[PDB]
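based on what follows, work out the 3D shape:
(4 chains, ligands or ions: 13)
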4 protein chains.
Amino acid sequence: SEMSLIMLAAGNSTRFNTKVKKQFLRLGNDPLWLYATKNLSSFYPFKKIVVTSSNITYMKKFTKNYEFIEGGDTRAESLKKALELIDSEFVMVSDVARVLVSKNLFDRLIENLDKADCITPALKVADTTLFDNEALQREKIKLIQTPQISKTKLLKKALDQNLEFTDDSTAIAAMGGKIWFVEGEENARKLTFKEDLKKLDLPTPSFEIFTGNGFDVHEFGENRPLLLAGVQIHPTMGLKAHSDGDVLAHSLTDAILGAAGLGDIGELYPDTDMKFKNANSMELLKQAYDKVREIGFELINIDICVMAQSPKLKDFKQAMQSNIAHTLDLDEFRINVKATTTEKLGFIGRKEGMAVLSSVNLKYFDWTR
Amino acid sequence: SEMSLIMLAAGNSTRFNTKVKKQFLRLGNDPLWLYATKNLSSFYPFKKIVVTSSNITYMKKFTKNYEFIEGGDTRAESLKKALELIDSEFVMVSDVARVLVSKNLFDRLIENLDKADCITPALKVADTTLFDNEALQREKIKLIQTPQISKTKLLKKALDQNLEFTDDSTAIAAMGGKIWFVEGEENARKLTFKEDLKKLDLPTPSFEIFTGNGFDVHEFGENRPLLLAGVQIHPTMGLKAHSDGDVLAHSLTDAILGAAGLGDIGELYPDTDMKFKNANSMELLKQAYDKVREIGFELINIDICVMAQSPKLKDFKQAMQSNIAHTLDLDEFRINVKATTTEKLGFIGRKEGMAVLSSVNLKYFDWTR
Amino acid sequence: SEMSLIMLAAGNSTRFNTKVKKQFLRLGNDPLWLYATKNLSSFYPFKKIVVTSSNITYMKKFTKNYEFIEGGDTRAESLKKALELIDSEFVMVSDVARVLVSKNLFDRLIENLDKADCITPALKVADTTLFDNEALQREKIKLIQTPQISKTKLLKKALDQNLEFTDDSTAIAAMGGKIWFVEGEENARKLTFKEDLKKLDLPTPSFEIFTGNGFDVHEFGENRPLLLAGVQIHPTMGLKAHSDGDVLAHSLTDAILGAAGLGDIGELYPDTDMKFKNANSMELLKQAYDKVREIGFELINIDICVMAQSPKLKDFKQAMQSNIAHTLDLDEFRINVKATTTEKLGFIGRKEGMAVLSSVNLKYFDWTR
Amino acid sequence: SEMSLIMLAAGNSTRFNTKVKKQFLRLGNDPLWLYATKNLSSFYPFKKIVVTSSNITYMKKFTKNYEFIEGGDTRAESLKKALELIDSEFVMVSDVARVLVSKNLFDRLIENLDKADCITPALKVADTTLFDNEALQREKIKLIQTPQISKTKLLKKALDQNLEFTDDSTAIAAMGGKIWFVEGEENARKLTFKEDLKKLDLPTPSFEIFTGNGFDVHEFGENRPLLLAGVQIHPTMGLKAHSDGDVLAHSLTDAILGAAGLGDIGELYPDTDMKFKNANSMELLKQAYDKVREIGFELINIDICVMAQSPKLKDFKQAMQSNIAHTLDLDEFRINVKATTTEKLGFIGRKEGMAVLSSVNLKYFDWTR
Ligand SMILES: Nc1ccn([C@@H]2O[C@H](COP(=O)(O)O)[C@@H](O)[C@H]2O)c(=O)n1
Ligand SMILES: Nc1ccn([C@@H]2O[C@H](COP(=O)(O)O)[C@@H](O)[C@H]2O)c(=O)n1
Ligand SMILES: Nc1ccn([C@@H]2O[C@H](COP(=O)(O)O)[C@@H](O)[C@H]2O)c(=O)n1
Ligand SMILES: Nc1ccn([C@@H]2O[C@H](COP(=O)(O)O)[C@@H](O)[C@H]2O)c(=O)n1
Ligand SMILES: Nc1ccn([C@@H]2O[C@H](COP(=O)(O)O)[C@@H](O)[C@H]2O)c(=O)n1
Ligand SMILES: Nc1ccn([C@@H]2O[C@H](COP(=O)(O)O)[C@@H](O)[C@H]2O)c(=O)n1
Ligand SMILES: Nc1ccn([C@@H]2O[C@H](COP(=O)(O)O)[C@@H](O)[C@H]2O)c(=O)n1
Ligand SMILES: Nc1ccn([C@@H]2O[C@H](COP(=O)(O)O)[C@@H](O)[C@H]2O)c(=O)n1
Ligand SMILES: CC(C)=CCC/C(C)=C/COP(=O)(O)OP(=O)(O)O
Ligand SMILES: [Mg+2]
Ligand SMILES: [Mg+2]
Ligand SMILES: [Mg+2]
Ligand SMILES: [Mg+2]
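Residues are numbered from 1 along each chain as shown, chains lettered A, B, ... in the order given. Ligands and ions are numbered 1, 2, ... in the order given. And now the structure:
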């Protein structure tokens, strides 16, 4: 009979993590989770394809071809929830972090479908093996891999109570089910540690570059320091409300989120109830960039235009640039701040307020390092 | 004596066409027609170089080295018109779609200049050949290629009345002229079908990325639905005139045309006579992007800033993004819509109107697929 | 004992120079001077690293790891000044233009440290050698290279009066010091002539692209020609002050400087004393782009939005584009000028002034040519 | 203080084995054991280099740079015997089957020399791990690698009685010694299974081809079947002694052994005591080729000249060729048998005996497959 596919792509491991989540590393044009799913999907006409996710909203923006379901607290819980979507006799289950699974291994699992309740790849070990620094008999060791094929009904039953299983074979085996072991492959290794990247022949990120714009206006008339990019410009010529009033930081935040497709500052820091009154805007900026780095992006450069009749920003431009660099952990040369008056024209010219235009270019994080 | 060059680059075949015209596929930094012309031009100090074109204005922006002439209804008509520019004894004529013509083939044609009235490459065929599904004697078949060298005066005379000839050899032969056949080459194949691309070793497009900006202002005070990116925001708080009043769609159209070097919305859809009063702005947007795709470009991403005191766009941002994606046949994650008020300042703050800032990044279409 | 490093990177030779300074050619992500310094620095735990520079402000934006010092009028003067920073027994000195110095050559110099006062690589010559077109005995010729290691105290003394020495070995030798010659290498060649590039296996520039924005406002009400991008739009509807009043050229200048991290127009052409009253703004634009080319950047494209109620720019857009292209020595297709009114809203709508928004994309100059 | 090196290269595992022993696979020009030893030897000026071996005579023919010692029944026994050759404070020990150990890993072990009694690389495991098909906690697993550095005196003591240890860390630890674990590397993997080859980036065998000659003479005058290449030529015109009298098979055996540097038939099958009287010569041939395959060689072709006045071999040549092919598991086209008389001249011409000249070309076994 027929087979469905569950791709396990939820949870957030710190084991690997730089600031970037491993599921959003770019392989060619595709985020890793999509690359892995596309790969396995190409092997077989699955009845249904399910992806477990901790970021459904974001992932849905990348395809219309799969069913997404919110992950659970463990692999086995994400799996159990996704199984309720499956009604085919068989289900293939795979870690997304096993990216380069070959058609060959797939065929080897498929050709053995009727031999057992669960079919899984495995590798032997020829190294001395220590458990808790004490020697084990290495010949009796199996390292288990994925994809794994199971009878759907049995795997469902297998996960009725125990959600601790790290794979499907131990789950099925613990209820008396039979396992068929198939030889595994180095291409089915699981990306877990930062050091695993160079052990795999992964496609490097595409060269696409994303543009962001930011525009913001604050009003003059608050008796407090004027802070722009966290730098004091004037002791008393402050702007009203919006935390510490840093229109620059706010405009720049919008550009960075915009280039990454992550909305705007009001969606990230909803300030309608005056919740952010005491916020440091440069910290808000830093946290917004953290969000952008999590999904696999990196800044190339920043260019800014401050529109203000007064005060003159000339003596502060290098310091603003340097503070932005430090906040975002960027080299200083990548930041530029400009200014113009409006020749005493309009609301800006009347000194009623000031505006800031920001432009940003983002590329994909180069995990090649 | 001396030789001129006519590059035949007019007409618009649907035989190949995706949305992109084959003459504007990027090979390195150069559009295909320019790459092919540069290639042949490098072989010989031609007295004159003529290019027939259906897009003279656009092509002229790429070089000052050639004479351009408007094409005709057929190859032979474009050729006939271009010949009126030639006064040298000999003329080399070539399809631009034959991109990788070697110096070797050129020399082989040149060394045989005095043997006949027209010198042309040709290939034999060893496959079974059917004409209308009936077998022909394959040994008697010649597949003709280009470049072809002819005595100018004879080719002019050859095209006096009959404009149906698909090459120069049949034209010259039909008036009793003699043809010299030279062995052809796989590198002189004509790009005709989408499938031909992988049969040629063409240079892949450069990684250059083009920026576009768009800014537009519409006035409040029309009692109709507020439509932004084709999405209804408010039932009555509409903007005046400009079709359905979609300032967003209009700003975005400007950014896309701007990045492609194609002017602005008023040049593409002149609306001075109220001609577009009933237009769907999102359809106008789609058609503008079609123009950009025709000349070899593709969108990477879109970022937008709506400047409006009211209404609040928060609940509509995902829908606007999704409608832009659907209209432009782009993945949703590549679109971002932001908003800000101006703190009740200026014409925007007074609710007299609203403005939209758009940014776009365009790359060259990757015909590699 | 211990060793410091002096990288010699000051002065501006026209011997090589296109418009680009050789120290700012991009090798991967790094400017050449930084690439060379990083390379040598990786060979040894130097006590101190000094770089002589004619652009300290700019270079400091790229790293915090080195000490920078202003160069002198000659190599030997830059060296002498940098030596006052060194207190270790030994100093390695190297031309930055010798980019690909191998770890191998380094070891060969280090292993011979105690043999003499100065250790230097050298190559023999097997070609016929002419001095002033008269033959010399080629077997007696040495071509000297860098890095060179010297006893710090001796090299200091060596440069007490004579600042004409082109290397450290002749300096040390002229005071009776001993030189140890070590075999050199083709990888230690000095980039001097444009033709040297293809003789070295240098890493090609990265594909990063930098965004720039420009926004400027001028006021109406001066009875003079309206010049935009150096093109006369109107005989009398001029803008006030700012040289010839070309807001477009001024906005575009800001975008180009901004993308390159070079400040804004007021920092480059301070006009507070009415110094630029008679300037041609398009010449100012050209000179600003020259600055950007000096540090290794090149324009991909320009997109512009003119915000003006009047006059209509339609009939002038192609001419503006063409004049910008000619001024910047760019192909015409890379320039686009758009326009919009503000529906009679705000200061622009009242015809009190006009504004110009510019966007630019810059890439690294491709010295591969 | 100082360090010696022990390369462990004895024993004959069938785990990997085709007919070829893994220590004699060719990597470039070098057998694997020599390639691995050369690699590690290049990292450090070891006081002494010891190689344990089951083929000392053969290995000694490849270098004069190492001390060879006969292996024992286990890794630990070979190690224990080799240690009696070491008097330096430290000893590095390594499996030869870990071929591509990097200089990097070496440095990491060396920099930690004083931290413990034994320094070893190790890798963590992120796969589900079964011991006897039951799940273990994968986080507590270490896979141990080589090289391993130990204090010589302690490792000697560690191996006083127990010769079962599969590595040096468990040996040292079992006597209360301390272990320092250093991160391992995929390049230090141990070639164990045929499938491991494609997991390593090993240098492919050189293209050297080895010539062999064989010449043999048997005497006529025995009343028995004439067998040549195991094929009956004549029912009664037999040759005297030498097993079944097959001079052809005997000559060919000499050529194959000769090309491989393995002596001659009398050294392999000493027949002075009439021990081989009942042998099948084609089986002896097959076994001689097995020896040649064990050391990494493979036949390209065989050419033979039989010198015999009678009988005529014409009708038997294809059958002889085919029987040689079957015996040696070679494609038939690679075998050729020729014949000539001597015009009734000499001992052959008098029909006193017959001679066989053989030529063979051997290449290195292409383990790439
Ligand atoms: N709560 C979780 C945890 C992990 N997973 C997925 O299960 C796979 C295996 O993860 P571990 O190696 O962390 O067990 C990963 O692909 C991970 O994304 C999940 O879907 N839900
Ligand atoms: N017309 C508008 C204006 C603002 N907004 C939202 O409200 C937030 C706060 O707006 P101000 O910056 O104008 O205070 C913005 O970041 C944006 O999320 C909106 O959705 N629609
Ligand atoms: N009206 C036309 C049609 C084709 N051509 C050119 O003639 C060449 C041959 O086109 P066909 O293969 O479509 O005949 C092409 O390079 C095409 O661009 C032209 O210059 N004018
Ligand atoms: N100053 C101006 C303003 C508008 N225009 C043109 O007029 C068109 C319509 O302008 P509005 O969008 O302001 O209605 C623009 O798209 C542009 O082509 C111009 O050429 N010069
Ligand atoms: N005044 C100068 C001149 C050259 N130099 C440096 O000295 C090195 C050798 O330059 P010449 O080949 O021009 O002598 C170059 O790396 C150059 O940058 C310097 O530091 N100060
Ligand atoms: N608020 C401001 C406005 C202008 N400036 C500087 O003054 C210069 C001239 O300003 P105008 O273009 O507004 O005349 C700008 O190029 C910028 O260098 C500034 O430093 N701070
Ligand atoms: N009796 C033995 C067995 C193995 N060895 C060597 O020890 C190393 C490890 O072998 P095992 O993986 O078989 O334990 C191999 O390099 C092998 O050649 C040895 O020197 N003497
Ligand atoms: N014992 C022999 C001798 C010769 N021959 C064949 O007879 C041919 C002629 O032999 P002479 O060169 O010895 O005349 C050889 O080329 C070979 O084909 C044979 O088959 N068996
Ligand atoms: C990209 C930019 C900056 C576009 C211009 C939008 C803007 C800030 C208009 C201000 O109106 P106003 O100052 O003319 O209002 P007022 O009627 O008070 O003069
Ligand atoms: Mg200004
Ligand atoms: Mg705001
Ligand atoms: Mg408009
Ligand atoms: Mg003969």
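
could you use CA atoms for every contact and neighbour count after this?
Noted.

tell me the secondary structure for residue A:177?
Under the three-state scheme (DSSP: H, G, I helix; E, B strand; the rest coil), residue A:177 adopts coil.

kindly report the same for residue A:52.
Assignment for residue A:52 (three-state DSSP): strand.

residue D:221 versus that one, what's the distance?
Per CA to CA, to the nearest Å, residue A:52 is found 86 Å from residue D:221.

who has more neighbours, the two?
Neighbour count, other CA atoms under 10 Å in any protein chain shown: between residue A:52 and residue D:221, residue A:52 has more, with 24 against 14.

the more buried one contacts residue A:73, correct?
No - using CA atoms under 8 Å as the test, residue A:52 is too far from residue A:73 to be in contact (11.5 Å).

chain A: helices as residue ranges?
Taking DSSP state H as the criterion, chain A carries its helices at A:32-41, A:56-60, A:75-83, A:103-110, A:152-158, A:168-173, A:247-259, A:265-268, A:281-294, A:317-328, A:346-349.

by contact count, what packs against the second one?
Right, helix A:56-60. Here helix A:56-60 touches strand A:67-70, going by 3 or more CA pairs under 8 Å, 6 or more residues apart in numbering or on different chains; DSSP states H and E.

adjacent strands (with direction) for the strand it packs on?
Strand A:67-70 has the following strand partners under DSSP bridges: strand A:49-53 (parallel).

does ligand 1 have contacts with the partner strand?
Yes - contact of strand A:49-53 with ligand 1 (CA under 6 Å from any ligand atom) involves residue A:52.

can you name the residues in contact with that strand?
Under the contact criterion CA atoms under 8 Å, 6 or more residues apart in numbering or on different chains, strand A:49-53 has outside partners A:4-11, A:41, A:59, A:65-71, A:78-79, A:82, A:85.

just the buried ones from the residues you listed?
Buried subset of those (neighbour count, 16 or more other CA atoms under 10 Å in any protein chain shown): A:4-11, A:41, A:59, A:66-71, A:78-79, A:82.

buried sites along stretch A:231-248?
Neighbour-count burial for stretch A:231-248 flags A:231-234, A:237-248 (criterion: 16+ other CA under 10 Å).

looking at those, which are in strands?
Among these, the members found in strands (DSSP state E) are A:231-234, A:237-239.

domain ranges for chain A, per the record?
With domains defined by curated CATH domains, chain A comprises A:1-207, A:208-369.

burial count for residue A:275?
Using other CA under 10 Å, residue A:275 has 12 neighbouring residues.

actually residue A:256, sorry about that
Counted by other CA under 10 Å, the residues lying close to residue A:256 total 33.

how about it, what does it touch?
Counting by CA under 8 Å, 6+ apart, residue A:256 makes contact with A:212-214, A:288-289, A:292, A:360, A:362.

in TSV: those, plus distance to residue A:338.
Output for the contacts of residue A:256, formatted as TSV (distance: CA to CA, whole Å):
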residue	distance to residue A:338
A:212	17
A:213	15
A:214	14
A:288	23
A:289	22
A:292	25
A:360	14
A:362	20
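
wait, which of those is closest to residue A:189?
For these, the residue nearest residue A:189 by CA to CA is residue A:292; the value is 27.5 Å.

now do that closest one against residue A:328, distance only.
From residue A:292 to residue A:328 the distance is 11 Å (CA to CA).

so these two - more neighbours on which side?
The residue with more neighbours, out of residue A:292 and residue A:328, is residue A:292; 23 against 19, by other CA under 10 Å.

surely the more buried one is in contact with residue A:285?
No - using CA under 8 Å, residue A:292 is not in contact with residue A:285, being 10.9 Å away.

what is in contact with those two at once?
Counting by CA under 8 Å, 6+ apart, nothing touches both residue A:292 and residue A:285.

in stretch A:303-318, what counts as buried?
By 16+ other CA under 10 Å, the buried positions in stretch A:303-318 come out as A:303-310, A:313, A:316-318.

same deal with stretch A:137-151?
A:138, A:141-151.

now do stretch A:188-196
Of the residues in stretch A:188-196, A:188-193 count as buried by neighbour count, 16+ other CA under 10 Å.

touching chain D at all, that stretch?
Yes - judged by CA under 8 Å from any CA of the partner chain, stretch A:188-196 and chain D are in contact via A:190, A:192.

contacts for that stretch?
Outside stretch A:188-196, the residues that touch it by CA under 8 Å, 6+ apart are A:15-17, A:95, A:97-102, A:145-146, A:197, A:200, D:126-127.

of those, which is the nearest to ligand 8?
Nearest to ligand 8 among those: residue A:102, at 55.1 Å, using CA to the nearest ligand atom.

do I have it right that that closest one meets residue A:186?
No - using CA under 8 Å, residue A:102 makes no contact with residue A:186, being 9.8 Å away.
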